[PDB]
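Next up: a single chain in structure tokens, the form deposited in one PDB entry.
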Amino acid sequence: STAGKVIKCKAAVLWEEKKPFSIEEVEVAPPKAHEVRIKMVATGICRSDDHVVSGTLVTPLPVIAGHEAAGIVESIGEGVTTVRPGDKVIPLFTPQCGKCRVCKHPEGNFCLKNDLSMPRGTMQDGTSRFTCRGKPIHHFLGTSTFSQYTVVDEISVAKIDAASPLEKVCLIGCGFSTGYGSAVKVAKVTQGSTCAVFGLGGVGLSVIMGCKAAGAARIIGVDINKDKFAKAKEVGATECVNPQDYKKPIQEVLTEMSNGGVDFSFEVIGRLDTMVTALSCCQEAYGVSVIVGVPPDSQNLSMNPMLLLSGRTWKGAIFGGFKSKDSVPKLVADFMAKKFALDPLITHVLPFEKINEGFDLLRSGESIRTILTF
């Protein structure tokens, strides 16, 4: 029934930054050529769209935020070859347009038709498909998943398995894939290796799961908050070290207990000081350090080039280096084949009308992951 035409539905609008979201009724335009319209089912809440709210990630306001979700396909636009109505799908905040030189590159994943670098808050055609009372509402990362319905370009949706639990596989649209790929795809962790993960929120928990999948024989999880050590442990850490317990610097204590430094170090906290501390404690002649993510507000960090000189690799990346459209079906199939559990990351499930409440949880942080259901 909704197929040819505009749908009217509730969605979360930010009309102004540093304001809670308004649940509004909006008009979701029908999809033009190579667009898909998706009925959302479950969307996670993540720091990055809370950065929008604070003014920190600058994306044009008013906006429908949301980038991490799974749902079902309703309308498909003209020339849509990959999805067909009724398909389970996950919006891709970092696309896979297939044509550019990053998509062609055998390792690059930060697709040039992305709205992260220079955010205009639109669909590829420069327009928006949201209007709240005639006023237009901008799209976020060409996903906007805090809406009952949304329209994405065919390069920003991946089709997934029919039997897929969408209240659990929506994590594969951001946080789980960002950490499990920082371990499996970016650092390319090895059989036998010693990994150290810094920070153990949902992303640090996804790293440990990846490092576990590659066969690391040690995963040292380090967090200044003791309460984090259990789930981390559950998920794969062999040891957990609380920096505030030692009189020394932890890179000392970590090189010390690693016999000269760990193989792979990962920075899941996002701070400048720990990006440096995690660089300084993988082995000198061959360790790899991977910055899993860095806040859009970050300033410069002081580092002494000597550290790289020994023979270290410093690596950063977006979405665990996964080419989005290719990989997300393959991760879901893996979840489907009981390779990894998403369950200890999902700590809360709230109805979508309780989005502001999910934020409260994220902001005082004891909440690994809040999922919002439609």
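Start at 1 and count along the sequence shown; that's the residue number. Under this definition, the rigid core comprises the largest set of C-alpha atoms superposing within 1.5 Å between the forms.
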Open item on the list: Tell me which stretch has the larger mean Cα B-factor in this entry, 81-89 or 161-169.
Closed with: 81-89
Open item on the list: Comparing average C-alpha B factors as deposited, tell me which of 126-134 and 186-194 sits higher.
Closed with: 126-134
Open item on the list: Can you tell me which of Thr43, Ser324, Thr59, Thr313 has the maximum CA B-factor listed in the PDB entry?
Closed with: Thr59
- [ ] Sort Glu154, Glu239, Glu267, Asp115 by C-alpha B-factor from the entry and give me just the highest.
- [x] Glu154
- [ ] Give the position of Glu27 by CA B-factor within its chain, expressed as the lowest, middle or highest third.
- [x] highest
Task: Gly204, C-alpha B-factor rank within chain (lowest, middle or highest third) - done: lowest
Task: Chain thirds of CA B-factor: placement of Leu307 - done: middle
Task: Position of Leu254 among the chain's modelled residues by C-alpha B-factor, lowest, middle or highest third - done: lowest
Task: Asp343 - Cα temperature factor, lowest/middle/highest third of chain - done: middle
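There is another form of the same protein, the form deposited in another entry; it is not shown, and what comes next is about it.
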- [ ] Could you check which of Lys226, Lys99, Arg120, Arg84 shows a C-alpha shift of 2 Å or more between this form and the one not shown after a rigid core superposition?
- [x] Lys226
Task: Displaced residue check between this form and the one not shown: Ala158, CA, 2 Å or over, core reference - done: no
TODO: Inspect the rigid-core superposition and answer whether the C-alpha of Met257 shifts by 2 angstroms or more between this form and the one not shown.
DONE: yes
Open item on the list: Checking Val241 here: with the core superposed, does its CA move 2 Å or more between this form and the one not shown?
Closed with: yes
Task: Inter-Cα distance between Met118 and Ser298 in the other entry, nearer or further [3 Å or more] - done: closer
